[PDB]
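[1] Following this: a sequence and the matching experimental structure.
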Amino acid sequence: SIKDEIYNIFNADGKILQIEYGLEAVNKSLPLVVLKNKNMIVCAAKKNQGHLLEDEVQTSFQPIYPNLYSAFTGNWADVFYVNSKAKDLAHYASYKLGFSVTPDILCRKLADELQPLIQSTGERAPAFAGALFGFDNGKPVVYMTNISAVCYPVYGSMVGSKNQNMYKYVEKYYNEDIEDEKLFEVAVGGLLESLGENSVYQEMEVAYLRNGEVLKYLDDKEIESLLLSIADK
Amino acid sequence: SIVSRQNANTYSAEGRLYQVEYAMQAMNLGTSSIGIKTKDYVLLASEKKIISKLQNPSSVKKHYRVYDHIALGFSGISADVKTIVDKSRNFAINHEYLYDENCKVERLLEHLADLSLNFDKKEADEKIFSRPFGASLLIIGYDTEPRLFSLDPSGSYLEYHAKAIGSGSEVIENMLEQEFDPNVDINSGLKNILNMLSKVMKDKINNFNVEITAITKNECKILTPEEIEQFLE
Amino acid sequence: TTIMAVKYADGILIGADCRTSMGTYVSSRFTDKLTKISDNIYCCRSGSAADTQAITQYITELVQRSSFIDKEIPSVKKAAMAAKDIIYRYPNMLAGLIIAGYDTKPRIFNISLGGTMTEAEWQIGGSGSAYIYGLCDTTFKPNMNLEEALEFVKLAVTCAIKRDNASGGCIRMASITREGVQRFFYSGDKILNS
Amino acid sequence: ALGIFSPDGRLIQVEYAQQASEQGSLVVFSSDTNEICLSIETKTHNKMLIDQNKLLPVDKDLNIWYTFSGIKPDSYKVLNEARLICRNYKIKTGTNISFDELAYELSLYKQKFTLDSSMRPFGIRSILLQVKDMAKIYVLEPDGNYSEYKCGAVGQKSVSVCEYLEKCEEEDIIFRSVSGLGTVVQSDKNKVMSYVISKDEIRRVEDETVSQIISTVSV
Amino acid sequence: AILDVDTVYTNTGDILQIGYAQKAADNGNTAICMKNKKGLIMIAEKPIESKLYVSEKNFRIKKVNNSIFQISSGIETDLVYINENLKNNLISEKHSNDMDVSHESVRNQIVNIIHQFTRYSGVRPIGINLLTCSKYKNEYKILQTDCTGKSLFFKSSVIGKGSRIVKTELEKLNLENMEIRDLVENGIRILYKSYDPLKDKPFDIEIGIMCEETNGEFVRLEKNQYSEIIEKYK
Amino acid sequence: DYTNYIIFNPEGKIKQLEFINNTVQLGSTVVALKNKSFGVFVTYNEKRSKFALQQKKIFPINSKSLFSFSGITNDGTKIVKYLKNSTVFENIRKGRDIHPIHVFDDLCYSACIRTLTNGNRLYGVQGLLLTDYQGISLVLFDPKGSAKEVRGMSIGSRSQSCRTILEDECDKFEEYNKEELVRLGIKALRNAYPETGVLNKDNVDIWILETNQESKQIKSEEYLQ
Amino acid sequence: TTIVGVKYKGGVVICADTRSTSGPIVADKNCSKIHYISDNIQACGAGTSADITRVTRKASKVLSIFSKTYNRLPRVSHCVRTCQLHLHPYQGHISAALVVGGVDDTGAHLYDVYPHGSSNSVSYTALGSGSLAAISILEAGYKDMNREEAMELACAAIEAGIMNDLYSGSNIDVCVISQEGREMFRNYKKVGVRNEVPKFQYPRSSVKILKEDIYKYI
Amino acid sequence: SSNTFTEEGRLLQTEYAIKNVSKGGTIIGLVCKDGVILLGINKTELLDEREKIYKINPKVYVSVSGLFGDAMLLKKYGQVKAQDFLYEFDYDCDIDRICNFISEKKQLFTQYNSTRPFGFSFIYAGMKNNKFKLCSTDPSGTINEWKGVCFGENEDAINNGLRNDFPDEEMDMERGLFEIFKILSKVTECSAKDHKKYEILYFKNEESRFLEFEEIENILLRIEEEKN
Amino acid sequence: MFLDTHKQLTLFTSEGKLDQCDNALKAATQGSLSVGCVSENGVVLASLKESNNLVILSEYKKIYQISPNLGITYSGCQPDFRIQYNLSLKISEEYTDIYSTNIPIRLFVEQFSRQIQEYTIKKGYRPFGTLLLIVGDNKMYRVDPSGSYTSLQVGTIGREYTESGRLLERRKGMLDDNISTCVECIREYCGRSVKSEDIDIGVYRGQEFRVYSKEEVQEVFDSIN
């Protein structure tokens, strides 16, 4: 029993128990949503603990490289570790490629670097989940990856606590040709399906990305209006 | 491997390393031997471990010549002692190479003690084994004075006027505290040491189951059976 | 080559010629010598063509790397230092760079062949620079406007082109300011016809 | 545990290797000043199995021969290292390796696999044998111990054979070796071979005589 | 069976060994760091285990470089490794760029060096809470690092056993337009407010300030500067 | 489960780091007293047998520097060699004497490495370094990787009685003279060893260090007999 | 040789002469100097013939693994960077100069790569022994062009090198990479026409066989 | 477990590896007057490619039983080592050299603690001193020479039949294969019932060839008729 | 004890079986179904794609190309397949470097299977948890975690493999119709109505292997309906 629990090996059921446990650790983390339409990428997530002595702005969306961002959830230390590893890989791959690396290449590289932690014993697999996203030659692209070392091209990712409810909402309402404001509403509603529709705006952050500019965060009043619109209909 | 190295280096709640405690049990599971120091001479007598009489007495030697004026007797696991002897010879020859002189016996003891507990070190010449050596050594030599040294598997060593190792160590010590006097001649000293040895030998003491090394200012003599015959009576 | 860098009232202005040559033959006459390190840092390469390209390719990723680790605009100082180590650690690489940019204030850094890094208010380099040291010394004025500095670079590089055989073609110029980078172009038609 | 002491001060894996070296086909030998007689017994349950020669030469000009008891595949590696030691010593030094040096270096090779983790003791009692100037037989333990033997036996139930040899002080070493082997083996179940190693020459003894002498023991 | 044999996940996703490390860290001596526009200070309890120790010459605050210094609670010897590696990395980084290491770079180094202990098998979690105070571009920031490697910037922070009582007092505290000596006064007062004599031994105070009056250089105050305050709050 | 190797037990402590505290208590007593001008080492040495020679627990690192330790003697000898090498390097390559505390920086880093990872062996030696550096300074080195300055300390078997005897008089060390410090060290040993005859002219070796002066071994006749 | 490269509005034209030489002796006729790198990238090189093939083969591997892995047609900048990172460490001992051209999602790109690892984005290029003869035609005739005019300017450029350079001759290979894909014209022209020499036959009796051994394939 | 001894003085991992072999497809070998028969029984119709019998060099062939992955790994290793021998001394090695290569690697893998034994056995057909030979190698690495041997399913039954049912008479490999089929059918009917899973090699040192199932059925009719 | 990185995670049980290899085979067997059908004119290869997690089915691919003549698809965990795909691309590119031709199916499968098997003997490593179908040169090979390969006429990997394999035997035919025949065969083993987005198809015709575009898969389904 303990042989399969501890080591990164297949149990009699055909699953690696350690990866499942890391996935549980991720699932217990804060909720986060990244969702994209034909023209923009929208990401919303629950803000971290509101310490009164805080002297920082703590965002779950981290720029990794020019026109390349990440939105990860899980253990704060593991999320930071994978962000720094992604920056390392991005700069190395940009050196090798002759051009700034794009989100797809970086997701593939990061997952291929995470896989050895899944196939071998000695190093703990980081407990993280989220999407590396950005704009690739004018097209918004979102790639989802997590502790299990998978990498898929996705319209969006819903990670963290109660990610299944967020998925159920988003898939029901989401579409690619959805409008920008409707994309905002769908993403924030998917998040609220985890947080609860009665949550106040101070509890979560929203940012959006457009082709020619940096990632931008919605203002407090903007989030108030967005939540009022979502609750209205 | 890390697990095996940790098993080597684990400390006991009482203090001493577990491996050292086990090596100290192994160190006296062998035939007995006595070392006597006098301001003129140092003796070292050991009963041979003749498992069968078909095993010729000549080839079961128990004293190894470490250098021009250093001899090494041992008790316990005899396999480790040839490695210890080889590294001691290397140390002595290196010391002569650097300084053109015969090393002090204390310097060889210091070198061996340093090498003893270096299980972890990755270079062979900077350690003896990956574990304590399962042998207790009586190292004698002449360095402007007859010197008798005992090296334990714990890496500790002490200069002695007289010591006994092997299964008869305790009995021979309880006899030494009564019988030993350093104001005695070398021939009478040989008689006394052989008398003490015969007390513990499984069979009757003779010149073919006994090996004697006597190091003096003049020679590092190893006594022939025709010479041990003089002292057996 | 004739690479030039002048710091003026509100940013950096770098000028360069277009000619690249091997011997008496001009292998290309449209070479871009103003190498972009980042959106706000530009490098004027001089020395071995292959080695200076190798450095600027590495400095490009190093300055971006640290920029996102630090979470701030890329630092022209860090790019210049990163260039100095490579130029110093590898004597076999014949490279000398003018690295000029705008992170918080305009800065010009000159890395000589052996890795000697100095901060300058104006800097020139390349084979053709030898012929405009007196012209640049007498004509330089602190805190020029864009038009005054553009004339200064235009005059200096033009006089280097008219004298240095390894220097020729139109004068590429690029003004890095806090507002961004604006490229200029002084066609050789005007320079040669005069 | 591997390459480490047990709570009672025992190298457990080394003694397990000793035991594994005891669970092997019995080999018996006896020597005089100018010759050695070496006898080996083998299981004949398989008629289709062709019995391998267990007396292999280490170096033909030095007239050194090798025999073993225990895990057969380990014997291949140990014999290969014996031959390599002889050849490398002649390359490096320019002179033939002495028998004692070969025994010492082979014993060091044996010990090597008991000083380290991640590796398993050979677990074979290996016999070095030479007749150039005088008969000399070395028996190397799996743990690296080695010492000369005038006569002895190794392998399955060899302790009883050594006990018998202690008493069987007969002048003819052929008699001694074959009779000592006969104390254990069964003529119906065990096919037996006997060799006499002489000055730079080798030959095996007649089956009739060996069988006749073996029949008189353990009747 | 609990899977705490190594730094591995339990069936609920928790890494038990990191929890044990946090238990060890939360039982260390308290250190308080308070940051302000005018400067930065850190207070450190130094319990008198025996009067034989020369407390005035044993320092809890370890400098990473001229502009970064840090203090730890828990198994404070782990700070030896953490500080040595941080110093080796950041001195080289500073002098290879001829400019100060930024707060974010220090945070990156802290997190990446602390995480590998929570990430490998034959390794033991760092088992300390760590406060790292630094100056960069004429700004001061305090970085409180947990055993997980999670490190956040704070306006004022405390580690050690008495953190629970000190944190509320800090939350009651306004730092804007406080003089550095006001910070010293408040820090000593809050430290003594969490003494709990019946459970903790008497302690000496180690105070290190980093303010304009010393052009941002780390200065370890001598006892005569705050003996009056210690007498006031003993 | 948690006893065998380096990991936190559920209560949050590493058992091996506690076991090394028992390990460092094996050796014979060393009693150290420091005054700004001079310092004293007092040791108790017992022959392991009637025929064993004394082990000379105190080692001089350099003129005006003494080191002594309790516990595994191999680690103590390693530390003695380390301190000698550091003295040579600091005198030559840095033009100064070893700093009593900072000379232990590399050793503390190595010890911390050992306490953080398995496979590597924890140091089982506790050392006292008495050296003249801007005055006499006494340093206690612990196997956990920390070196701390002390007014006086006792290491080895039964050292707690010596420690409490010293601690009852620590505030007066700066006023005591050399004879007074030697007397207090012998008193601490006596409190640890109240059995008469055990402490004698042969079993106790006293080492004196005075600022701006060489370190010397002085006869114990005047203080025990 | 006269390998030439011309960039026009929506693609590139890479032309080359079909000749190889070792000293004053022509070694290979109809030699194909345009090497495959990708469906949208072709490279033509001058220098050590073995180094051109192997350097362009390394780029072909790295770009094939990239496109297969990421399902994304490679960029010309990726090909040039791979070549630069390979040529530079050898300090030019691997003597390979390339004219890499292709069409990516960013448009048409044409590069000059030199043995020491330097690269240069260009509008038109000539390389090899006939570069000077070719570059003279490109200088005079180059402008903003379509593929038809780019085809003839490049072919006229090669023709000049074939006619005026001793070590250039035989045919003209042409390869156009446009946004619609690459299309090849092997032996696009036969400017180096040879004479119609008759055959010459020895009598079979003119050679004597000393001994003969016959072996059969199985 | 791993590669370590036990109180019984045996490598349990090697014993389990040897046990694994008996679950593999049956392979048989027999030395005859004019050659060596190598026979293998596949689990499926496999005319696409030979799978039970392979070639090492112009004068060594091997049969396979046990773990297929390890078997192919060491088959490739043995082929590479035979080619290295040819590179060294400019002539092809005999059966003994291939046996030595594979046995050395197998022993290395049963002696290294952090690895597992190879779970397969080989039968080597070859020549030495101008006389045909038939060796074998177990997972332990032991080399056994045989007049005849069997491994895989029904290994013990076929081995017993060879022990006491195979005539001691020297015979050419035609009658050798006839007798092999006789004893195989006596042990189990499935051998004489079906033939499309068979791989049979008529090893001659210079002109070895494989038998078509038409030839196998020609043997089958002879065995069917001889008893009538 | 903490994780032993030097441990051999694959060993024979007392029953002669490899414990971890069977678990890896079980893990592979749970993957999404994928099939291949050999024909007298070529070989078809089809697999199903899960539409969950908002995966862009148009961009997500299940059938991959190794060389112009080889294709591959898997059942099992994706990361292991991605690593094995990197390995296979390395193999094919190395062969093309040496010989300049497209790697033959059998040589590729052999060189690939040996490196797959490497992990059943590598210390501290578990075998890949993926089954692989390799289509090329008018042949099909199924490669399992053990590193054992078998050429096949009709093969299935993933869920419902045995019964689907039996159904494929009932659903063979000419390559042009075999595509629709096998699409019908695998329509019996999908949890929801299959759109063209949900299936990848790769067909080896003549001398090359090509993966159908999403538009082509619509054409195949238009024939189905």
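    On my side now, so go ahead. Numbers count the residues shown, from 1 in each chain, chains lettered A, B, ... in the order given.

[2] residues from chain D in reach of chain B?
    Applying C-beta under 8 Å from any C-beta of the partner chain, we find that chain D lies next to chain B at D:1-11, D:14, D:104, D:107-108, D:111, D:114-118, D:141, D:143-145, D:147-152, D:162, D:165-166. Heads up, the C-betas are built off the backbone N, CA and C, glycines and all.

[3] Please, a ChimeraX command that selects the buried ones among the residues you listed?
    Entered in ChimeraX, the line below selects the buried ones among these, by 16 or more other C-beta atoms under 10 Å in any protein chain shown:
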select /D:2,3,4,5,9,10,11,14,104,107,108,111,114,115,116,117,118,141,143,144,145,147,148,149,150,151,152,162,165
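
[4] Select from the residues of chain D next to chain B every entry located in helices.
    Judged by DSSP state H, those include D:14, D:104, D:107-108, D:111, D:162, D:165-166 as members of helices.

[5] Among those residues, which one lies nearest to residue A:1?
    Proximity of these to residue A:1 (C-beta to C-beta) peaks at residue D:14, which lies at 32.8 Å.

[6] I'd like to know which of the residues of chain D next to chain B are part of strands.
    Residues of the residues of chain D next to chain B located in strands (DSSP state E): D:147-148, D:151-152.

[7] Show me which residues of chain D are close to chain H?
    When proximity is defined as C-beta under 8 Å from any C-beta, chain D approaches chain H at D:2, D:13, D:16-17, D:19-23, D:45-50, D:52, D:71-74, D:76-77, D:80, D:113, D:117-123.

[8] distance between stretch A:107-121 and the chain's centre?
    Taking C-alpha atoms, centre = their mean, to the nearest Å, the mean C-alpha location of stretch A:107-121 is offset from the chain mean by 18 Å.

[9] Quick check on residue C:149: phi, psi?
    phi -70, psi -40 (degrees, to the nearest 10).

[10] Could you pull up the contacting residues of it?
    For residue C:149, the contact set (C-beta atoms under 8 Å, 6 or more residues apart in numbering or on different chains) comprises C:6, C:8-9, C:13.

[11] same check, this time on residue F:158
    F:29, F:192-193.

[12] If we use 10 Å, what do you get?
    By C-beta atoms under 10 Å, 6 or more residues apart in numbering or on different chains, residue F:158 lies in contact with F:25, F:28-29, F:44, F:189, F:191-193.

[13] How about the secondary structure of the residue of chain C found nearest chain H?
    Going by C-beta to the nearest C-beta, chain H is nearest to residue C:65 of chain C, at 38.2 Å. The three-state assignment at residue C:65 reads helix, by DSSP: H, G, I helix; E, B strand; the rest coil.

[14] just checking, it touches residue A:87?
    Yes. The criterion here is C-beta atoms under 10 Å, and residue C:65 meets it with residue A:87 at 6.5 Å.

[15] Just the helices from chain B, written as ranges.
    B:2-9, B:18-26, B:79-99, B:105-116, B:169-179, B:186-198, B:225-232.

[16] let me fix that: chain I
    Secondary structure of chain I, counting by DSSP H: helices at I:19-29, I:78-99, I:105-121, I:161-170, I:175-187, I:214-224.

[17] Can you tell me which of those is nearest to residue C:76?
    Nearest of the helices of chain I to residue C:76, taken as C-beta to C-beta: helix I:78-99 at 38.4 Å.

[18] how many neighbours does residue I:216 have?
    Here the number of neighbours of residue I:216 (other C-beta atoms under 10 Å in any protein chain shown) works out to 15.

[19] Quick check: the residue nearest the centre of chain C vs residue H:192, distance?
    Note on chain C: the residue nearest the mean C-alpha position is residue C:44, at 2.9 Å, using C-alpha atoms, centre = their mean. As judged by C-beta to C-beta, to the nearest Å, residue C:44 and residue H:192 stand 89 Å apart.

[20] For chain E, see how far away the residue of chain D at minimum distance from chain I is.
    Closest approach of chain D to chain I (C-beta to the nearest C-beta) occurs at residue D:118, with a separation of 6.6 Å. For residue D:118, the distance to chain E equals 16 Å [C-beta to the nearest C-beta, to the nearest Å].

[21] give me phi/psi at the nearest residue to that residue once chain neighbours are set aside?
    Of all residues not flanking residue D:118 in the chain, residue H:113 sits nearest, at 4.9 Å (C-beta to C-beta, 6 or more residues apart in numbering or on different chains). Residue H:113 adopts backbone torsions of phi -70, psi -40, taken as degrees, to the nearest 10.

[22] Closest to the centroid, which residue in chain F?
    Short answer for chain F (C-alpha atoms, centre = their mean): residue F:128, at 2.5 Å.

[23] what's across from that one in the sheet?
    Beta-bridge partners recorded for residue F:128 (DSSP bridges): residue F:68, residue F:140.

[24] burial measure for the residue of chain B found nearest chain C, as a count.
    Ranked by C-beta to the nearest C-beta, the top residue of chain B for proximity to chain C is residue B:122, at 29.6 Å. Residue B:122 sits with 7 neighbouring residues when counted by other C-beta under 10 Å.

[25] same check, this time on the one 4 residues further on
    Neighbouring residues of residue B:126 were enumerated by other C-beta under 10 Å; the total is 11.

[26] Could you check how far it is from residue F:81?
    Look at residue B:126 and residue F:81: by C-beta to C-beta, they are 14 Å apart.

[27] Now list the buried members of the residues of chain D next to chain H.
    By neighbour count, with 16+ other C-beta under 10 Å, those hold D:2, D:13, D:16-17, D:19-23, D:46, D:48-49, D:71-74, D:76-77, D:113, D:117-123 as buried.

[28] Cross these against helices and list the overlap.
    Counting by DSSP H, those place D:13, D:16-17, D:19-22, D:72-74, D:76-77 in helices.

[29] Distance to residue A:120 added to these, as TSV?
    Converted to TSV, these look like this (distance: C-beta to C-beta, whole Å):
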residue	distance to residue A:120
D:13	27
D:16	30
D:17	31
D:19	36
D:20	33
D:21	36
D:22	40
D:72	35
D:73	30
D:74	31
D:76	33
D:77	30
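
[30] can those go into JSON lines with extra columns for distance to chain I?
    Putting those into JSON lines (distance: C-beta to the nearest C-beta, whole Å) gives the following:
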{"residue": "D:13", "distance to chain I": "16"}
{"residue": "D:16", "distance to chain I": "19"}
{"residue": "D:17", "distance to chain I": "20"}
{"residue": "D:19", "distance to chain I": "21"}
{"residue": "D:20", "distance to chain I": "19"}
{"residue": "D:21", "distance to chain I": "24"}
{"residue": "D:22", "distance to chain I": "24"}
{"residue": "D:72", "distance to chain I": "20"}
{"residue": "D:73", "distance to chain I": "17"}
{"residue": "D:74", "distance to chain I": "20"}
{"residue": "D:76", "distance to chain I": "21"}
{"residue": "D:77", "distance to chain I": "19"}
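
[31] For residue A:176, pull up the helix or strand it's in.
    Assigned by DSSP states H and E, residue A:176 belongs to neither a helix nor a strand.

[32] Now do the SS call for the nearest residue to residue A:165 once chain neighbours are set aside.
    Using C-beta to C-beta, 6+ apart and skipping residues adjacent in sequence, the residue nearest residue A:165 is residue A:193, 4.5 Å away. Classification of residue A:193 using three-state DSSP returns helix.

[33] Hmm, residue A:193 is touching residue A:31, no?
    Yes. In terms of C-beta under 10 Å, residue A:193 counts as a neighbour of residue A:31; the distance is 8.8 Å.

[34] Need the overlap of contacts for these two.
    A:158, A:162-163, A:165-166.

[35] Tell me if residue H:54 really is in a strand.
    Yes. Assessed by three-state DSSP, residue H:54 belongs to a strand.

[36] what does chain H put close to chain E?
    For chain H, the contact set with chain E under C-beta under 10 Å from any C-beta of the partner chain is empty.

[37] Spit out the contact partners of residue F:128.
    F:30-32, F:34, F:39, F:41, F:58, F:66-70, F:138-141, F:150, F:152-156.
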